[PDB]
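One chain follows as structure tokens, the form deposited in one PDB entry.
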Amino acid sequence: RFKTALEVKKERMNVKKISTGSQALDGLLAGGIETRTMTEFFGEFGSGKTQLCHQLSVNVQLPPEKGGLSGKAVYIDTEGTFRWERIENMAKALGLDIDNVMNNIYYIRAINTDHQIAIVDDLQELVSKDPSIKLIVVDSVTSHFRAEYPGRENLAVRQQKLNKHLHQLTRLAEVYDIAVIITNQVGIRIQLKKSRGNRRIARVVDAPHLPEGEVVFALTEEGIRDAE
């Protein structure tokens, strides 16, 4: 039939969140990763940030009753650490179908700063031609900017470009209703710190709607999960 754009906004405006696989982490996130928002995970190598980028990429495919949005993911690789083998282990843990899972994850390595900005330019067309995409992950988003504008001498210029790039990401998330996650090796900012063994701690460092505080979770062979 013939609708009004107001009906279309009401029918589509509902809060969409994507589970991390850990109930505890979800709690810290008021349910999970949210569309129309950019969420950053930052911390040291192995703190959990990239692993989360792999996990969320599969969970997004899960139906709503299982924590996903029956959507697809784009995984933009900055330092070439993306491993399908991890995606493989995770979709297996959930009993999902591997070839399909892997099939629903667009992937690309951004080789340098200009290619990284170009890719992000191109996503509108991609998410435009394919409405099933509900997740964009940009791992180590600052990597190439730090390597291309090194030192506190170039600090200001670096801040300038990055801010611009990250703005494009926000615009994308809000106009197309997509969840964007960026990670950094160091609206919502989450620090990740190594705890004992495979345990890791997550704490809200910036998020006006999220209660400040931290939680504990684990990096397991099956994926992101609650610590034993």
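One-based numbering along the sequence shown. C-alpha atoms forming the largest set that superposes within 1.5 Å between two forms make up the rigid core. Shifts are known only where both forms have a C-alpha.
One more form of this protein should be noted, the form deposited in another entry, which is absent from this view; the next part is about it.
Asker: Is residue 212 one of the residues whose C-alpha moves 2 Å or more between this form and the one not shown after the core fit?
Answerer: For residue 212, whose C-alpha is compared between this form and the one not shown after core superposition, the shift is less than 2 Å.
Asker: So with the core overlaid, does the Cα of residue 221 end up 2 Å or more away between this form and the one not shown?
Answerer: Comparing the forms between this form and the one not shown, which are aligned on their rigid core, residue 221 does not shift its C-alpha by 2 Å or more.
Asker: Are residue 75 and residue 9 closer or farther apart at the Cα level in the other entry than shown, by 3 Å or more?
Answerer: Between the C-alphas of residue 9 and residue 75, the gap widens in the other entry (3 Å or more compared with this form).
Asker: What direction does the residue 12-residue 31 Cα distance move in the other entry compared with the shown chain, closer or farther, given a change of 3 Å or more?
Answerer: Closer, not farther.
Asker: Once both forms are aligned on the rigid core, what are the runs of 3 or more consecutive residues with C-alpha shifts of 2 Å or more between this form and the one not shown?
Answerer: Flagged stretch (3+ res, CA at least 2 Å): just 1-14.
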